[PDB]
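Chemist: What follows is a structure written as structure tokens; I'll ask about it next.
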Amino acid sequence: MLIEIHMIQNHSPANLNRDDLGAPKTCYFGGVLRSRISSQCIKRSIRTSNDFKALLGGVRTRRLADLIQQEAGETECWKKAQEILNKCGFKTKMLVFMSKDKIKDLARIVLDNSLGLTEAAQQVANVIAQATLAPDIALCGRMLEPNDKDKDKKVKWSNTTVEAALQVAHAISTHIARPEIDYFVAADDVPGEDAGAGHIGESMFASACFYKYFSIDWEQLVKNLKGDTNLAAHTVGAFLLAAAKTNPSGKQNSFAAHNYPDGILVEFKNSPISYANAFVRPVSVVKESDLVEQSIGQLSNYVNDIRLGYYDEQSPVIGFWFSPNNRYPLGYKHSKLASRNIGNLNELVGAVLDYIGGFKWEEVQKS
Amino acid sequence: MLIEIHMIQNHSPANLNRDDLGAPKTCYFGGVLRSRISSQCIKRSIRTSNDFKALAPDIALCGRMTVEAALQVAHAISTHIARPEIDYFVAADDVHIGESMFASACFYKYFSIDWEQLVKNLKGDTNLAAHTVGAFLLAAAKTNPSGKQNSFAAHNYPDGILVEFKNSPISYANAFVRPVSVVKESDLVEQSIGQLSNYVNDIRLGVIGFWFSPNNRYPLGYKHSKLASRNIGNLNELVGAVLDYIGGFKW
Amino acid sequence: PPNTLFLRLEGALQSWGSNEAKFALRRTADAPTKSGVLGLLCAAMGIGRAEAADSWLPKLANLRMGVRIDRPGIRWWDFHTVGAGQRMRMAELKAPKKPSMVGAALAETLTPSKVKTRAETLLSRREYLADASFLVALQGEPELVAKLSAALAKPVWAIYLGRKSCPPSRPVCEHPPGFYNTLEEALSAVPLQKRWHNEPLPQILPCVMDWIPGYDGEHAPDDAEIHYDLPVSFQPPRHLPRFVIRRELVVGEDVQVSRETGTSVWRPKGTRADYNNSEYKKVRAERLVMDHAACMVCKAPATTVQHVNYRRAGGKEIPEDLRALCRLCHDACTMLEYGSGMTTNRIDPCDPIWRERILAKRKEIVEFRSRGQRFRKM
Amino acid sequence: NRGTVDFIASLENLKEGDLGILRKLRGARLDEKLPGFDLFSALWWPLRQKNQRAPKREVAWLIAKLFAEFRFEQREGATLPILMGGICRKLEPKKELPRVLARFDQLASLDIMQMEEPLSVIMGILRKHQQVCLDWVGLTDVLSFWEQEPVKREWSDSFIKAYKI
RNA sequence: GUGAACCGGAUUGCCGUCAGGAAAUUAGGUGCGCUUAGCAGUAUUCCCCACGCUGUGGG
Ligand SMILES: [Mg+2]
């Protein structure tokens, strides 16, 4: 089975993702240009959030020898750590994505042994490949490739590939993109000779309402975390809580984009169905409504049409809907698209966890 | 008798099929460049998937090593000018700038099924041939390539199917010689389906066809023309209509 | 009776392989070869692959081949992968010691487990031609052409364009056969068709023709070429060289240009019904008769008419989209629609949900309007 | 096209008070204020009765606002992407040219309801650079079909060709 | 049933930290909307039915 989240959020003028030149990221959907926030930015912000802080047991880095030397008080294990890294096949050094404690303890106890370089390199490769008990590894996956150009021909590598269990698409505006440019000049505190004109810089920004899309596979999440079951549900609840309550950390010091969404639809499938095509037609603001209500109304229309379209009785689907204080109804006219209108995030987490299985949020806060 | 399936679908920003340099696959049509998804992608996309596995089936339909497979899949083609873009991504160290690229387009597809070869490969079985045809219909209506889907979660669902029982195989790709320009009073999908309408309204002036649209969203033809025989509101109902036109057949 | 038939080939992509592909690099030719059309016609009639070599291939190989180039293609390449995630079949078998038992005697002892599998990835790049048009005109016996045309009217098997993924987008059976003495006059007889009104047209249209042997003798000309596309067997393939010449035909003197004969762009319907047409005034008068000249909201006499929806404009006007209201109600519902963007369905004075808004707007109009500005039109 | 020409002529037939009343209604719709609605109706609705291809209510209202604000003289051959392009040469290629170019190319992302302030500042830089002539009819005819690619395709093309001279 | 038939280029990635467009400007100088008009002391009041050679009843 699958767990699916739909999400409608409106943002203040900001720059939550920029390219090399210094402008907001943009896309072309349905023949017109729209603002964009990259998916990987969202996964990074969720991974480094404060509602996910219990759940980082791993590292994605190339400074493994800093971590090995940090697993020491006084013993000089810097040159030998880098050395065994270079005979390992990580030669710029390759980015390695594995758990913290496993590499820390095992590199501390293996690098400090007086054994051969080949055997200790084989053991380091084995413990790097075997340290696949980490939550970000299960959510986001892992691929590592030993560079055979400079690799010793004695030892052999093992299976290391990790299949991920989270699929998030890029954040796409519900309407046309309207880019803007801001001109700044710096000043001098003390008067003096001063400039001729004053070199004008340029800061690009825009504002938009975003439709975000989330998908969670429970079976692969269970299979990646071995025989554990409670950790899967706790990860699902923690990810929902974080993604509901985390923003990208862009230029937030001068563009405070701390808004929170006005509508969350949650769903359960066996097959992934994305509802991004509700906004192929651009949304034109009319005098009556606002951008948010028309966006969720068009989303409701597409949801209603798909629910009355591709629909099999042998596998029926259900879902709950959430809004703050229940101000924005999905079924604006007559349809009851969701059965369990919920006015709070905590009760939504409890309902999702109960639908997964016999789990309570206070129960699984121990793994 | 040949059963021909006409297929219009929109797709979110992603990259399902790429070449050796990584670029989104692209053909040339109508004086400009067209976004392209390979037919040998839809094969091994629908094929060996879990939803489709529902005399031996999946051998008479699609072959393997004089099998004479009775299903033919064509190259999907966009209905507008290809508009590729390149994304800039950086890597962290949590204690250099690359480039990835993507494309977004609405594709027209085309499916053809030989009934006589399917019956001949079934050793005289007929309910199994129609069963495999229905199975391929439900597979093809709900299958995407497994490309860069973890990062670009492209899981869109179709917006119109027209099925034909014509005497000889003929596609409607020549309806998209002129690239589709988006006007304010419409969108991409509506104008694409209208361009499909003003090519089936012709030919007969210058056969039958069953049509389906989900909850009748974008009705075929912008008048009360009988360009399609029947307009239906379910995928199962359209499949049952196809089986019914083949003969007395229950789903 | 007609002596030569006509076939039309067109698709989004096509490929016709040459002799220069004995490995994973498949290159294509500029024109559809003889072997391709022979194979398609064998498919259309429904002859077996083992039967084509027995009194069926040379019978049609005696015909004369003629191709005309309406518009040539752009050379395109597609990257192909074979066997991703699977194990392929390899050709080696163990040495069976004595060389006396080989071939079919050895194949009787073959088992499915005797074969061995290798997991790898076979990469290939295949060339396709984009946006190309061709006409195939084959000159043969009138009975044979009649049989060929009847066969291609309804093909037994499905047909493709060189490779199984290249679909037909124009009918192959579009052109009826005719009687002509030479292949040149036959290729010049079938006209040239345009798709839309403004596009480049080739002033020269190349043609490919078989080299006539003439009288007894008559060695081949210096400008003729060789082509290895005369099929003798198809399983396993056997191919035979042939002589090919090239001729050209200038447009505008022996091939005409046909009109567009259709519409390319789709476009939405006509809004903006005309208010000076006679049908509009007749329908407006009849609707003013029906309502007994009373407003629909406030019941004062009726002077104007509002349009409930704009499904039909100008030519057709059923008097169910029109309601009779007076001046204040017309102006109120007009100002209710300045920035609504509802296009088709407009405001219904019968529906009670608009009444409280409309009356407040009318109160505003009575409160604010200056009559003397409406008169003395500046 | 006929009907436009009489609309621009009736716009030029206006007097001080009418230009001021359309000036005070800048940045607003029409349905809020009743004298503006009545003046626009008396100036526009007979043309829509007689001619079918008379300008839409929104585009006519917007063009009336811009004419009341700027009051340019009507003359054929003084269209906007020519004067833009004849003006752009007199600026520094390093700094001011991208600044003017960005404000000019921002129009391809805005709607007719949202195209009052960029047009206001563009005619502002005209009035700053001492121009008195402008083709209003061409601007109305391109705004009425502003949502088509060839119209803005010939927009900046007239620009490029005037700028390259 | 065609140099054809069988045929996924696939797995990995935060653009994140730095900035006052600022100093100064009267839109002032002149103009009559002016000469005209009973809702009543009449001589046919647009249509229909009924009764006599004007009186009831309905639009
Ligand atoms: Mg009224």
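Residue numbers start at 1 in each chain; chains themselves are named A, B, ... in the order of the structure tokens; ligands are numbered from 1 in the order shown.
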For chain C, which residues have at least one atom within 8 Å of chain D, if we go by only C-alpha atoms? Write them as a CSV table (one decimal) with N, CA, C and O atoms, in the first residue's frame, please.
Modeler:
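This went into iface_15.csv:
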```
chain,number,residue,atom,x,y,z
C,272,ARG,N,-19.5,37.0,-29.2
C,272,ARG,CA,-19.7,38.3,-29.8
C,272,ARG,C,-20.8,38.2,-30.9
C,272,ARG,O,-20.6,38.4,-32.1
C,273,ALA,N,-22.0,37.9,-30.4
C,273,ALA,CA,-23.2,37.9,-31.2
C,273,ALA,C,-23.5,39.4,-31.7
C,273,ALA,O,-23.3,40.3,-30.9
C,274,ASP,N,-23.8,39.5,-32.9
C,274,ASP,CA,-24.1,40.8,-33.5
C,274,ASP,C,-25.5,41.3,-33.1
C,274,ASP,O,-26.4,40.6,-33.2
C,275,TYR,N,-25.6,42.6,-32.7
C,275,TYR,CA,-26.8,43.2,-32.2
C,275,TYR,C,-27.5,44.0,-33.3
C,275,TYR,O,-28.5,44.7,-33.0
C,276,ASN,N,-27.0,44.0,-34.5
C,276,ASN,CA,-27.7,44.6,-35.7
C,276,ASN,C,-28.2,43.6,-36.7
C,276,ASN,O,-28.8,44.1,-37.7
C,335,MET,N,-22.7,45.7,-14.6
C,335,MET,CA,-21.6,46.0,-13.7
C,335,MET,C,-21.3,44.8,-12.8
C,335,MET,O,-20.2,44.7,-12.3
C,336,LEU,N,-22.2,43.8,-12.7
C,336,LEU,CA,-21.8,42.6,-12.0
C,336,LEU,C,-20.9,41.7,-12.8
C,336,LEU,O,-20.3,40.7,-12.2
C,338,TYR,N,-18.2,42.8,-14.9
C,338,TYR,CA,-17.0,43.5,-15.4
C,338,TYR,C,-15.8,42.7,-15.2
C,338,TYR,O,-14.9,42.7,-16.1
C,339,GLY,N,-15.6,42.0,-14.1
C,339,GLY,CA,-14.4,41.3,-13.8
C,339,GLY,C,-14.6,39.9,-13.3
C,339,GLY,O,-13.9,39.4,-12.4
C,365,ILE,N,-27.1,52.4,-7.7
C,365,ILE,CA,-27.3,53.1,-9.0
C,365,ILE,C,-28.2,54.3,-8.8
C,365,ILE,O,-28.0,55.4,-9.3
C,368,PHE,N,-26.4,57.1,-6.8
C,368,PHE,CA,-25.2,57.7,-7.4
C,368,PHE,C,-25.3,58.3,-8.8
C,368,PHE,O,-24.6,59.3,-9.1
C,369,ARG,N,-26.2,57.8,-9.6
C,369,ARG,CA,-26.2,58.1,-11.0
C,369,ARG,C,-26.6,59.5,-11.3
C,369,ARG,O,-27.6,60.0,-10.7
C,370,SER,N,-26.0,60.2,-12.2
C,370,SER,CA,-26.4,61.5,-12.8
C,370,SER,C,-27.0,61.3,-14.1
C,370,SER,O,-26.4,60.8,-15.0
C,373,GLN,N,-25.5,63.4,-17.2
C,373,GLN,CA,-24.3,62.8,-17.8
C,373,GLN,C,-24.7,61.8,-18.9
C,373,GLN,O,-24.0,61.6,-19.9
C,374,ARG,N,-25.8,61.0,-18.7
C,374,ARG,CA,-26.2,60.0,-19.7
C,374,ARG,C,-26.7,60.7,-20.9
C,374,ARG,O,-26.3,60.3,-22.0
C,377,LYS,N,-24.4,63.4,-24.7
C,377,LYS,CA,-23.3,62.4,-24.6
C,377,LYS,C,-22.0,63.0,-24.9
C,377,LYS,O,-21.7,63.3,-26.1
C,378,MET,N,-21.2,63.2,-23.9
C,378,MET,CA,-19.8,63.6,-24.1
C,378,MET,C,-18.9,62.4,-23.9
C,378,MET,O,-19.3,61.3,-23.6
```
Chemist: Name the residues of range 3-162 of chain D that come out as strand (DSSP E or B) in a backbone DSSP run; write them as a ChimeraX atom specification.
Modeler: /D:73-74,133-134
Chemist: Could you please select, counting only C-alpha atoms, the residues of chain D within 9 Å of chain B and state them as an MDAnalysis selection string?
Modeler: chainID D and resid 147:149
Chemist: Enumerate as a JSON list (two decimals) with N, CA and C atoms, in the first residue's frame the residues within 9 Å of ligand 1, counting only C-alpha atoms (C1' of nucleotides) and all ligand atoms.
Modeler:
```json
[["chain", "number", "residue", "atom", "x", "y", "z"],
["C", 294, "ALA", "N", -42.63, 42.80, -19.23],
["C", 294, "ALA", "CA", -42.43, 43.05, -17.81],
["C", 294, "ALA", "C", -41.04, 42.57, -17.41],
["C", 295, "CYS", "N", -40.38, 43.36, -16.56],
["C", 295, "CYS", "CA", -39.07, 42.99, -16.04],
["C", 295, "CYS", "C", -39.16, 41.70, -15.23],
["C", 296, "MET", "N", -38.05, 40.96, -15.20],
["C", 296, "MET", "CA", -38.03, 39.69, -14.51],
["C", 296, "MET", "C", -37.70, 39.80, -13.03],
["C", 297, "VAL", "N", -37.05, 40.87, -12.60],
["C", 297, "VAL", "CA", -36.75, 41.10, -11.19],
["C", 297, "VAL", "C", -37.79, 42.02, -10.55],
["C", 298, "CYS", "N", -37.94, 43.24, -11.07],
["C", 298, "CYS", "CA", -38.76, 44.26, -10.43],
["C", 298, "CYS", "C", -40.11, 44.49, -11.11],
["C", 299, "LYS", "N", -40.39, 43.81, -12.23],
["C", 299, "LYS", "CA", -41.68, 43.84, -12.93],
["C", 299, "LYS", "C", -42.04, 45.22, -13.51],
["C", 300, "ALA", "N", -41.09, 46.03, -13.93],
["C", 300, "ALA", "CA", -41.45, 47.28, -14.59],
["C", 300, "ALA", "C", -41.37, 46.91, -16.07],
["C", 301, "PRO", "N", -41.91, 47.73, -16.97],
["C", 301, "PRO", "CA", -41.87, 47.27, -18.36],
["C", 301, "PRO", "C", -40.49, 46.94, -18.89],
["C", 302, "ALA", "N", -40.43, 46.05, -19.87],
["C", 302, "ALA", "CA", -39.15, 45.62, -20.41],
["C", 302, "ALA", "C", -38.70, 46.29, -21.69],
["C", 324, "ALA", "N", -36.14, 39.35, -20.39],
["C", 324, "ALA", "CA", -36.50, 40.75, -20.54],
["C", 324, "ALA", "C", -36.33, 41.49, -19.21],
["C", 325, "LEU", "N", -35.45, 42.49, -19.20],
["C", 325, "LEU", "CA", -35.30, 43.37, -18.05],
["C", 325, "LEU", "C", -35.24, 44.82, -18.51],
["C", 326, "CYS", "N", -35.40, 45.73, -17.55],
["C", 326, "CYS", "CA", -35.43, 47.15, -17.84],
["C", 326, "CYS", "C", -34.01, 47.72, -17.74],
["C", 327, "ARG", "N", -33.91, 49.06, -17.70],
["C", 327, "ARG", "CA", -32.61, 49.71, -17.82],
["C", 327, "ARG", "C", -31.76, 49.55, -16.56],
["C", 328, "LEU", "N", -32.36, 49.76, -15.38],
["C", 328, "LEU", "CA", -31.60, 49.69, -14.14],
["C", 328, "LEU", "C", -31.08, 48.28, -13.88],
["C", 329, "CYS", "N", -31.90, 47.27, -14.16],
["C", 329, "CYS", "CA", -31.47, 45.88, -13.99],
["C", 329, "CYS", "C", -30.40, 45.51, -15.01],
["C", 330, "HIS", "N", -30.51, 46.00, -16.24],
["C", 330, "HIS", "CA", -29.49, 45.74, -17.25],
["C", 330, "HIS", "C", -28.15, 46.34, -16.84],
["C", 362, "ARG", "N", -28.70, 48.11, -7.46],
["C", 362, "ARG", "CA", -29.69, 49.05, -7.95],
["C", 362, "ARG", "C", -29.87, 50.22, -6.99]]
```
Chemist: Show which residues sit within 6 Å of residue 35 in chain B, as a ChimeraX atom specification. Count only C-alpha atoms (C1' of nucleotides), and ignore same-chain residues fewer than 4 positions away.
Modeler: /B:26,77-78,82
Chemist: As a list in words, please: the residues near residue 15 in chain E (cut-off 12 Å, only C-alpha atoms (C1' of nucleotides), same-chain neighbours under 2 positions excluded).
Modeler: residues 15, 16, 17, 18, 19, 20, 21, 22, 23, 24, 25, 38, 41, 249, 250 and 251 of chain A; 87, 88, 89, 90, 91, 92, 96, 97 and 98 of chain B; 17 of chain E
Chemist: Could you please determine the separation between CA of residue 315 in chain A and CA of residue 299 in chain A in Å, to one decimal place?
Modeler: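 Result for CA of residue 315 in chain A versus CA of residue 299 in chain A: 22.9 Å, one decimal.
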Chemist: Identify every residue of chain E that has at least one atom within 10 Å of any atom of chain B, counting only C-alpha atoms (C1' of nucleotides), and report the result as a list in words.
Modeler: residues 1, 5, 6, 7, 8, 9, 10, 11, 13, 14, 15 and 16 of chain E
Chemist: Residues of chain A within 10 Å of chain C, using only C-alpha atoms, as a short mmCIF file (atom, residue, chain, number, x, y, z; two decimals) with C-alpha atoms, in the first residue's frame?
Modeler:
```
data_model
loop_
_atom_site.label_atom_id
_atom_site.label_comp_id
_atom_site.auth_asym_id
_atom_site.auth_seq_id
_atom_site.Cartn_x
_atom_site.Cartn_y
_atom_site.Cartn_z
CA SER A 284 -6.57 34.17 -13.28
CA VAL A 285 -7.43 36.21 -10.20
CA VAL A 286 -10.94 37.64 -10.42
CA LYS A 287 -12.48 40.30 -8.21
CA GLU A 288 -14.39 37.89 -5.96
CA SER A 289 -12.02 35.20 -4.70
#
```
Chemist: Which polymer residues have any atom within 6 Å of an atom of range 64-77 of chain D, counting only C-alpha atoms (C1' of nucleotides), with same-chain residues fewer than 6 positions away left out, as a list in words?
Modeler: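 Skipping anything fewer than 6 positions along the chain leaves residues 19, 22, 23, 132, 133, 134 and 135 of chain D.
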Chemist: Atoms to include: N, CA, C and O atoms. Write the selected residues as a compact mmCIF listing (two decimals), in the first residue's frame.
Modeler:
```txt
# COMPACT_ATOMS: atom_id res chain seq x y z
N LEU D 19 -11.26 63.96 -19.55
CA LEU D 19 -9.94 63.40 -19.35
C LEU D 19 -9.59 63.33 -17.87
O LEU D 19 -9.02 62.34 -17.40
N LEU D 22 -11.55 60.31 -16.24
CA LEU D 22 -10.86 59.04 -16.46
C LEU D 22 -9.48 59.01 -15.81
O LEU D 22 -8.92 57.92 -15.60
N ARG D 23 -8.91 60.17 -15.49
CA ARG D 23 -7.62 60.19 -14.81
C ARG D 23 -7.76 59.80 -13.34
O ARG D 23 -6.89 59.12 -12.79
N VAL D 132 6.17 63.05 -28.66
CA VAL D 132 4.81 63.57 -28.74
C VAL D 132 3.90 62.70 -29.58
O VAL D 132 2.68 62.93 -29.59
N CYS D 133 4.43 61.71 -30.29
CA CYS D 133 3.65 60.91 -31.23
C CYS D 133 3.68 59.44 -30.85
O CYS D 133 4.70 58.92 -30.39
N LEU D 134 2.54 58.78 -31.04
CA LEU D 134 2.38 57.37 -30.70
C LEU D 134 1.19 56.82 -31.48
O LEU D 134 0.15 57.48 -31.60
N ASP D 135 1.35 55.60 -32.00
CA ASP D 135 0.28 54.92 -32.72
C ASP D 135 -0.61 54.20 -31.71
O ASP D 135 -0.27 53.11 -31.25
```
